[PDB]
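Trainee: Structure file target_5.txt (compact mmCIF, C-alpha atoms and all ligand atoms) right here:
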# COMPACT_ATOMS: atom_id res chain seq x y z
CA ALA A 1 -36.22 12.93 -6.29
CA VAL A 2 -36.04 10.39 -3.44
CA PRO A 3 -37.04 11.54 0.11
CA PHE A 4 -37.06 9.59 3.43
CA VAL A 5 -33.51 9.14 4.78
CA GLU A 6 -31.20 11.79 6.29
CA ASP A 7 -33.69 12.90 8.95
CA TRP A 8 -32.29 11.56 12.20
CA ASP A 9 -34.08 11.03 15.49
CA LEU A 10 -31.95 11.56 18.60
CA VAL A 11 -32.39 8.16 20.27
CA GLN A 12 -30.18 8.51 23.37
CA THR A 13 -27.22 10.18 25.02
CA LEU A 14 -23.77 8.62 24.79
CA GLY A 15 -21.51 11.17 26.45
CA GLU A 16 -22.15 14.84 27.21
CA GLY A 17 -19.70 17.48 28.32
CA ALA A 18 -19.06 21.22 28.03
CA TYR A 19 -19.58 21.74 24.29
CA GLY A 20 -22.84 19.89 23.80
CA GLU A 21 -22.89 16.09 23.71
CA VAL A 22 -22.96 13.02 21.48
CA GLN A 23 -26.19 11.27 20.50
CA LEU A 24 -26.86 7.88 18.97
CA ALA A 25 -29.04 8.69 15.97
CA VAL A 26 -31.25 6.58 13.73
CA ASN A 27 -32.44 7.58 10.28
CA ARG A 28 -36.25 7.79 10.21
CA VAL A 29 -36.09 5.43 7.22
CA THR A 30 -32.87 3.78 6.06
CA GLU A 31 -32.66 2.90 9.72
CA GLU A 32 -29.00 3.84 9.42
CA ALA A 33 -27.38 4.56 12.78
CA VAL A 34 -24.78 7.23 13.55
CA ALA A 35 -23.19 9.26 16.36
CA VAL A 36 -23.96 12.96 16.39
CA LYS A 37 -21.86 15.48 18.29
CA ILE A 38 -24.09 18.40 19.27
CA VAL A 39 -22.35 21.76 19.75
CA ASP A 40 -23.66 25.35 19.96
CA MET A 41 -21.20 27.83 18.45
CA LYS A 42 -22.19 30.30 21.18
CA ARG A 43 -20.38 33.64 20.90
CA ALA A 44 -17.22 33.75 18.77
CA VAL A 45 -13.80 32.88 20.23
CA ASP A 46 -13.87 29.36 21.65
CA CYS A 47 -15.64 27.97 18.59
CA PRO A 48 -15.12 29.94 15.34
CA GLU A 49 -11.65 28.36 15.38
CA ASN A 50 -12.41 25.16 17.30
CA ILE A 51 -15.28 23.08 15.92
CA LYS A 52 -14.43 24.27 12.42
CA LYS A 53 -10.85 23.06 12.73
CA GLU A 54 -12.23 19.72 13.87
CA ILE A 55 -14.40 19.34 10.78
CA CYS A 56 -11.47 20.33 8.61
CA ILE A 57 -9.32 17.50 9.97
CA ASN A 58 -12.12 14.92 9.94
CA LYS A 59 -12.41 15.39 6.21
CA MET A 60 -8.74 14.50 5.66
CA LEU A 61 -9.18 11.24 7.58
CA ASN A 62 -9.91 7.77 6.22
CA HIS A 63 -8.52 4.70 7.99
CA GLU A 64 -10.10 1.64 9.60
CA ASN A 65 -8.82 2.54 13.10
CA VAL A 66 -10.16 6.09 12.93
CA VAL A 67 -13.82 6.99 13.56
CA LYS A 68 -15.50 8.05 10.28
CA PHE A 69 -16.81 11.48 9.29
CA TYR A 70 -20.15 11.50 7.49
CA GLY A 71 -20.67 15.24 7.18
CA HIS A 72 -22.17 18.05 9.24
CA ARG A 73 -25.12 20.45 9.47
CA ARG A 74 -24.76 24.08 10.56
CA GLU A 75 -28.29 25.24 9.79
CA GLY A 76 -28.64 28.01 12.37
CA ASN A 77 -25.98 28.20 15.07
CA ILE A 78 -25.99 24.63 16.37
CA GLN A 79 -23.41 22.29 14.92
CA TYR A 80 -24.14 18.63 14.22
CA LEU A 81 -21.09 16.56 13.28
CA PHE A 82 -22.25 13.22 11.94
CA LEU A 83 -19.73 10.70 13.14
CA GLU A 84 -19.33 6.95 13.01
CA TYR A 85 -21.30 5.04 15.64
CA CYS A 86 -19.26 2.49 17.60
CA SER A 87 -21.71 0.30 19.53
CA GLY A 88 -18.84 -1.25 21.45
CA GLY A 89 -18.48 1.84 23.61
CA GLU A 90 -15.39 3.47 25.10
CA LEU A 91 -12.18 1.55 25.73
CA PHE A 92 -12.44 3.23 29.15
CA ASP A 93 -15.31 0.89 30.08
CA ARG A 94 -13.47 -2.37 29.27
CA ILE A 95 -10.79 -1.48 31.83
CA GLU A 96 -11.63 -3.05 35.19
CA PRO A 97 -10.59 -0.49 37.88
CA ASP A 98 -7.31 -1.58 39.44
CA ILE A 99 -7.14 -4.71 37.26
CA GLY A 100 -7.10 -3.73 33.61
CA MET A 101 -7.91 -6.56 31.20
CA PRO A 102 -6.46 -9.84 29.85
CA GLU A 103 -3.03 -9.06 28.39
CA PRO A 104 -3.93 -10.59 25.01
CA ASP A 105 -6.86 -8.18 24.70
CA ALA A 106 -4.68 -5.23 25.66
CA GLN A 107 -2.11 -6.31 23.07
CA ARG A 108 -4.76 -6.43 20.34
CA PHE A 109 -6.13 -3.04 21.27
CA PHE A 110 -2.59 -1.60 21.35
CA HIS A 111 -1.90 -2.85 17.81
CA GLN A 112 -5.04 -1.19 16.49
CA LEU A 113 -4.11 1.98 18.36
CA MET A 114 -0.61 1.91 16.89
CA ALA A 115 -2.05 1.37 13.40
CA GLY A 116 -4.37 4.33 13.87
CA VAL A 117 -1.56 6.59 15.16
CA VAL A 118 0.88 5.33 12.48
CA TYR A 119 -1.82 6.35 10.00
CA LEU A 120 -2.34 9.82 11.47
CA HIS A 121 1.36 10.68 11.78
CA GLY A 122 1.91 9.52 8.21
CA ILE A 123 -0.54 12.12 6.99
CA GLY A 124 1.15 14.65 9.24
CA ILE A 125 -1.69 14.82 11.78
CA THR A 126 -1.39 14.71 15.56
CA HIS A 127 -4.31 13.91 17.86
CA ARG A 128 -2.86 15.53 21.03
CA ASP A 129 -5.40 13.96 23.36
CA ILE A 130 -5.20 10.18 23.20
CA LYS A 131 -6.93 8.47 26.14
CA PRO A 132 -9.32 5.56 26.95
CA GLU A 133 -12.33 7.89 26.77
CA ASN A 134 -11.33 8.94 23.23
CA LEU A 135 -10.79 5.34 22.06
CA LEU A 136 -13.93 3.48 20.99
CA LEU A 137 -14.82 -0.11 20.13
CA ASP A 138 -16.96 -0.66 17.06
CA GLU A 139 -19.51 -3.42 16.53
CA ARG A 140 -16.65 -5.92 16.11
CA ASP A 141 -14.95 -4.70 19.28
CA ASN A 142 -12.14 -3.18 17.21
CA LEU A 143 -10.56 0.08 18.35
CA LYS A 144 -11.05 3.36 16.48
CA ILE A 145 -9.54 6.76 17.34
CA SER A 146 -12.01 9.60 17.86
CA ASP A 147 -12.48 13.26 18.75
CA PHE A 148 -10.09 15.43 16.80
CA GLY A 149 -11.21 18.61 18.52
CA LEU A 150 -7.66 19.26 19.71
CA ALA A 151 -5.87 17.66 16.74
CA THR A 152 -3.73 19.55 14.21
CA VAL A 153 -1.39 19.29 11.18
CA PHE A 154 2.36 19.24 11.88
CA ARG A 155 3.81 17.88 8.63
CA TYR A 156 2.94 18.36 4.96
CA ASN A 157 4.74 19.31 1.73
CA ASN A 158 7.20 16.96 3.42
CA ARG A 159 8.01 19.62 6.04
CA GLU A 160 7.57 19.24 9.79
CA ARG A 161 6.43 22.13 11.96
CA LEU A 162 7.13 22.20 15.70
CA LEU A 163 4.52 22.65 18.41
CA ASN A 164 4.55 24.43 21.76
CA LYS A 165 0.90 24.74 22.75
CA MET A 166 -0.08 23.03 26.00
CA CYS A 167 -3.23 20.97 25.51
CA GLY A 168 -4.43 17.50 26.42
CA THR A 169 -5.45 15.59 29.55
CA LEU A 170 -2.85 15.93 32.34
CA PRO A 171 -2.35 12.30 33.42
CA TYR A 172 -1.83 11.39 29.76
CA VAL A 173 0.42 14.30 28.79
CA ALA A 174 4.14 14.14 27.99
CA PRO A 175 6.67 16.13 30.14
CA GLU A 176 7.96 18.27 27.26
CA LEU A 177 4.60 20.05 27.20
CA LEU A 178 5.25 21.15 30.79
CA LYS A 179 8.95 22.03 30.66
CA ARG A 180 9.65 22.88 27.02
CA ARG A 181 8.66 25.80 24.83
CA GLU A 182 8.73 23.89 21.53
CA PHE A 183 8.62 20.17 20.67
CA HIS A 184 8.02 17.47 18.05
CA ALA A 185 4.38 16.36 17.95
CA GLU A 186 4.88 12.66 17.20
CA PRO A 187 6.80 11.89 20.42
CA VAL A 188 3.88 13.21 22.45
CA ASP A 189 1.27 10.93 20.92
CA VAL A 190 3.56 7.96 21.53
CA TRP A 191 3.99 8.92 25.15
CA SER A 192 0.19 8.97 25.55
CA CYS A 193 -0.25 5.58 23.87
CA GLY A 194 2.13 4.43 26.57
CA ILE A 195 -0.17 5.66 29.33
CA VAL A 196 -3.22 3.98 27.75
CA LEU A 197 -1.14 0.80 27.67
CA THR A 198 -0.38 1.12 31.37
CA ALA A 199 -4.10 1.56 32.10
CA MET A 200 -5.24 -1.41 30.00
CA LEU A 201 -2.66 -3.65 31.64
CA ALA A 202 -2.83 -2.24 35.17
CA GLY A 203 -6.28 -0.71 35.51
CA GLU A 204 -4.75 2.46 36.89
CA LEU A 205 -2.79 5.49 35.76
CA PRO A 206 0.85 5.80 36.94
CA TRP A 207 0.75 9.45 38.03
CA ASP A 208 -1.36 12.60 38.19
CA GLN A 209 1.14 14.40 35.96
CA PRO A 210 4.67 13.91 34.57
CA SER A 211 6.66 16.25 36.80
CA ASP A 212 9.46 15.91 39.31
CA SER A 213 7.03 17.43 41.80
CA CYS A 214 4.96 14.23 41.52
CA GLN A 215 6.26 11.33 43.65
CA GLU A 216 4.74 8.59 41.49
CA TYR A 217 6.50 10.12 38.49
CA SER A 218 9.77 10.48 40.38
CA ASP A 219 9.57 6.87 41.48
CA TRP A 220 9.25 5.93 37.80
CA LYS A 221 12.40 7.85 36.86
CA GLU A 222 14.11 5.98 39.69
CA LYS A 223 13.06 2.60 38.27
CA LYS A 224 10.93 1.65 41.30
CA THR A 225 9.02 -0.91 39.23
CA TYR A 226 8.23 -2.95 42.34
CA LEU A 227 5.66 -0.21 42.93
CA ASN A 228 2.14 -0.15 41.45
CA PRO A 229 1.05 -0.08 38.74
CA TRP A 230 4.28 -1.49 37.27
CA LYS A 231 4.39 -4.46 39.63
CA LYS A 232 1.10 -5.54 38.09
CA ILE A 233 2.54 -5.54 34.56
CA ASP A 234 4.44 -8.52 33.13
CA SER A 235 8.12 -7.88 32.40
CA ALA A 236 7.66 -8.05 28.60
CA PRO A 237 5.23 -5.18 28.19
CA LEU A 238 6.83 -3.33 31.13
CA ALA A 239 10.08 -3.39 29.16
CA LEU A 240 8.22 -1.73 26.29
CA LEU A 241 6.73 0.86 28.64
CA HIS A 242 10.29 1.63 29.76
CA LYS A 243 11.03 2.54 26.14
CA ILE A 244 7.92 4.66 25.69
CA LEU A 245 7.82 6.56 28.99
CA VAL A 246 11.15 8.34 28.52
CA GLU A 247 11.28 12.01 29.57
CA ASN A 248 13.72 13.08 26.87
CA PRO A 249 11.51 13.03 23.72
CA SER A 250 14.69 12.65 21.65
CA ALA A 251 15.52 9.37 23.37
CA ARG A 252 11.93 8.15 23.25
CA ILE A 253 11.15 5.09 21.14
CA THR A 254 9.58 5.82 17.77
CA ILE A 255 6.65 3.88 16.38
CA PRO A 256 8.82 2.04 13.83
CA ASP A 257 10.83 0.72 16.82
CA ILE A 258 7.79 -0.24 18.90
CA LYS A 259 6.69 -2.54 16.05
CA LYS A 260 10.11 -4.18 16.46
CA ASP A 261 9.42 -4.77 20.15
CA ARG A 262 9.26 -8.32 21.45
CA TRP A 263 6.10 -8.04 23.47
CA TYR A 264 4.57 -6.22 20.55
CA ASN A 265 5.37 -9.10 18.16
CA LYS A 266 4.55 -11.81 20.71
CA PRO A 267 1.81 -14.33 19.71
CA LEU A 268 -0.56 -14.30 22.69
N1 LIG B 301 -15.51 13.29 18.64
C1 LIG B 301 -16.10 12.31 18.65
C2 LIG B 301 -16.89 11.09 18.60
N2 LIG B 301 -17.10 10.43 17.39
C3 LIG B 301 -17.86 9.26 17.34
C4 LIG B 301 -18.46 8.71 18.53
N3 LIG B 301 -18.26 9.37 19.79
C5 LIG B 301 -17.47 10.57 19.85
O1 LIG B 301 -17.35 11.14 21.16
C6 LIG B 301 -16.35 10.59 22.04
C7 LIG B 301 -16.54 11.06 23.51
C8 LIG B 301 -17.95 10.39 23.63
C9 LIG B 301 -18.26 9.59 24.92
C10 LIG B 301 -18.15 8.27 24.13
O2 LIG B 301 -19.26 8.10 23.28
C11 LIG B 301 -19.90 6.84 23.25
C12 LIG B 301 -20.45 6.11 24.43
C13 LIG B 301 -21.10 4.82 24.29
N4 LIG B 301 -21.59 4.18 25.38
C14 LIG B 301 -22.69 4.63 26.19
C15 LIG B 301 -23.30 3.49 26.95
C16 LIG B 301 -24.17 2.58 26.29
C17 LIG B 301 -24.73 1.51 27.04
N5 LIG B 301 -24.47 1.33 28.36
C18 LIG B 301 -23.63 2.21 29.00
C19 LIG B 301 -23.03 3.30 28.32
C20 LIG B 301 -21.21 4.25 22.96
CL1 LIG B 301 -21.96 2.75 22.73
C21 LIG B 301 -20.70 4.91 21.81
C22 LIG B 301 -20.03 6.22 21.91
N6 LIG B 301 -19.52 6.91 20.76
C23 LIG B 301 -19.78 6.70 19.37
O3 LIG B 301 -20.46 5.77 18.93
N7 LIG B 301 -19.24 7.57 18.47
Have the structure of the file written as structure tokens, please.
Mentor:
Amino acid sequence: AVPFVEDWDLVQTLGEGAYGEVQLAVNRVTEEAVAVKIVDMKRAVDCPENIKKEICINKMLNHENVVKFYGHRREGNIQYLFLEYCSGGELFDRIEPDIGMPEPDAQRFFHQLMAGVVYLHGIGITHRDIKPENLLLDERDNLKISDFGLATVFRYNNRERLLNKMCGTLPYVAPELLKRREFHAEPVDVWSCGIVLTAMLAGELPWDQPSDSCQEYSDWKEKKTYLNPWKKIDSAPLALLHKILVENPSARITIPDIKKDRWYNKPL
């Protein structure tokens, strides 16, 4: 018998798209603040097995570089996923178009990203859509991974399953998802962390998509690093990007090896 907090007022929009939106919410009492993803389960096909799968995965999660799940309310047919509020905003907005950000800052964000991904992969979960818009800064300006709407489980019982499904955001997607039927999930997330890195350091994405029909991508395979955005990236992290942006997912650097990378371990 103690009523007053858990009734949230939708204070303002944060980022709306085609599924509802996200609202900063404040408890009418505790004054607690949270992010609320609004989503109407309209019909039954692109939801009954979409938003539900997202809640399922959010419950498994618990790491400091992963946005927190505080429950959900499915009263009628509208879904409210109470999620951790990160007043720092999206990593996207700290990237100065065509400039990026101070290398030290990028290195710190990359470490937190790697810690988050290391965490996820360890519990057999793959995000499948890592990008600056999905990476948020909390009140301390520390990076946390969010939106697991496209995420899934690939390992468990100590057994790894292979993927084949083609999802994600083009510019940030790995080539195997465009030329292979099946593929390991971990290598894809790493590839995407590599694109985020490029963006933080260069303030621009390398290509529109990873295909030989894309010049920018072809130039990369040909080592034309005198071309943007590479020319804007110091040789140390560029050397790491060379290890991450490898077409053959079997020859791609693993996370345990990125942590052994010089630039990665460099005191900046
Ligand atoms: N799935 C999922 C998910 N879980 C937790 C959160 N967002 C999610 O959604 C991620 C895509 C959301 C778009 C980014 O949202 C946001 C946008 C802005 N800036 C808005 C702003 C404030 C002041 N001036 C300019 C812009 C802020 Cl300050 C926070 C969030 N997001 C959150 O606090 N939490």
Trainee: Counting all atoms listed in the file, which protein, DNA or RNA residues come within 7 Å of ligand LIG 301 (chain B), given as a list in words?
Mentor: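 Answer in the requested format: residues 14, 15, 16, 22, 24, 35, 37, 67, 83, 84, 85, 86, 87, 88, 89, 90, 133, 134, 136, 146, 147, 148 and 149 of chain A.
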Trainee: Fewer than 5 positions away in the same chain doesn't count, so skip those; otherwise give me all residues within 7 Å of residue 199 (chain A), counting all atoms listed in the file, as a PyMOL selection string.
Mentor: chain A and resi 100+204-205
Trainee: With distances taken over all atoms listed in the file, which residue among A:10, A:174, A:236, A:227 lies nearest residue 190 (chain A)?
Mentor: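 Checking each of A:10, A:174, A:236, A:227 against residue 190 (chain A), counting all atoms listed in the file, the winner is A:174.
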Trainee: Between A:107, A:150, A:202, A:209, which residue has the minimum interatomic distance to residue 261 (chain A), considering all atoms listed in the file?
Mentor: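 Nearest to residue 261 (chain A): A:107.
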Trainee: Identify which of the residues A:131, A:232, A:73, A:161 lies closest to residue 183 (chain A), counting all atoms listed in the file when measuring atom-to-atom distances.
Mentor: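 Of the candidates, the smallest distance to residue 183 (chain A) is held by A:161.
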Trainee: Can you tell me, as an NGL selection string, what residues are no more than 9 Å from residue 163 (chain A) when counting all atoms listed in the file, ignoring any on the same chain fewer than 2 positions away?
Mentor: :A and (154 or 161 or 165-166 or 181-185)
Trainee: Quote the spacing between CA of residue 3 (chain A) and CA of residue 26 (chain A) in Å to one decimal place.
Mentor: 15.6 Å
Trainee: Name the closest residue to residue 49 (chain A) among the candidates A:30, A:211, A:152, A:198; distances are taken between atoms, counting only C-alpha atoms.
Mentor: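 Checking each candidate against residue 49 (chain A), we get A:152 as the closest.
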Trainee: Could you tell me which of A:117, A:33, A:41, A:56 comes closest to residue 19 (chain A) if we count all atoms listed in the file?
Mentor: A:41
Trainee: What are the centre and the three edge lengths of an axis-aligned box that wraps all atoms of region 62-75 of chain A in the file, given that 5 Å is added to every side, written as JSON and rounded to one decimal in Å?
Mentor:
{"center_x": -18.4, "center_y": 13.4, "center_z": 9.9, "size_x": 29.8, "size_y": 33.6, "size_z": 17.3}
Trainee: Mind giving me the straight-line distance from CA of residue 6 (chain A) to CA of residue 27 (chain A) in Å, one decimal?
Mentor: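 Distance between the two atoms: 5.9 Å.
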Trainee: With a distance cut-off of 12 Å and all atoms listed in the file, select the neighbouring residues of residue 239 (chain A), excluding the residue or stretch itself and same-chain residues fewer than 3 positions from it, and output the selection as number ranges by chain.
Mentor: A: 194, 198, 223, 225, 230-231, 233-236, 242-246, 253, 258, 261-264
Trainee: In Å, with one decimal, what is the gap from CA of residue 101 (chain A) to CA of residue 201 (chain A)?
Mentor: 6.0 Å
Trainee: Residues within 10 Å of residue 144 (chain A), please, as a ChimeraX atom specification. Count only C-alpha atoms; anything in the same chain fewer than 5 positions from it doesn't count.
Mentor: /A:63-68,84,86,90-91,109,112-113,115-116,134-138
Trainee: Residues of the last selection are to be written out with C-alpha atoms, as a PDB file, in the frame of the given file.
Mentor:
ATOM      1  CA  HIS A  63      -8.520   4.700   7.990  1.00  0.00           C
ATOM      2  CA  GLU A  64     -10.100   1.640   9.600  1.00  0.00           C
ATOM      3  CA  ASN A  65      -8.820   2.540  13.100  1.00  0.00           C
ATOM      4  CA  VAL A  66     -10.160   6.090  12.930  1.00  0.00           C
ATOM      5  CA  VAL A  67     -13.820   6.990  13.560  1.00  0.00           C
ATOM      6  CA  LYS A  68     -15.500   8.050  10.280  1.00  0.00           C
ATOM      7  CA  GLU A  84     -19.330   6.950  13.010  1.00  0.00           C
ATOM      8  CA  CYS A  86     -19.260   2.490  17.600  1.00  0.00           C
ATOM      9  CA  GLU A  90     -15.390   3.470  25.100  1.00  0.00           C
ATOM     10  CA  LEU A  91     -12.180   1.550  25.730  1.00  0.00           C
ATOM     11  CA  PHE A 109      -6.130  -3.040  21.270  1.00  0.00           C
ATOM     12  CA  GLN A 112      -5.040  -1.190  16.490  1.00  0.00           C
ATOM     13  CA  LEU A 113      -4.110   1.980  18.360  1.00  0.00           C
ATOM     14  CA  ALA A 115      -2.050   1.370  13.400  1.00  0.00           C
ATOM     15  CA  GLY A 116      -4.370   4.330  13.870  1.00  0.00           C
ATOM     16  CA  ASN A 134     -11.330   8.940  23.230  1.00  0.00           C
ATOM     17  CA  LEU A 135     -10.790   5.340  22.060  1.00  0.00           C
ATOM     18  CA  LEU A 136     -13.930   3.480  20.990  1.00  0.00           C
ATOM     19  CA  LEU A 137     -14.820  -0.110  20.130  1.00  0.00           C
ATOM     20  CA  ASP A 138     -16.960  -0.660  17.060  1.00  0.00           C
TER      21      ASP A 138
END
Trainee: Nearest residue to residue 126 (chain A) out of A:78, A:180, A:143, A:187, using all atoms listed in the file?
Mentor: A:187
Trainee: Which residues are near residue 40 (chain A)? Cut-off 12 Å, only C-alpha atoms, ignore same chain within fewer than 2 positions. Put them as a list in words.
Mentor: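 Residues meeting the cut-off are residues 18, 19, 20, 21, 37, 38, 42, 43, 44, 46, 47, 48, 50, 51, 52, 73, 74, 75, 76, 77, 78, 79, 80 and 81 of chain A.
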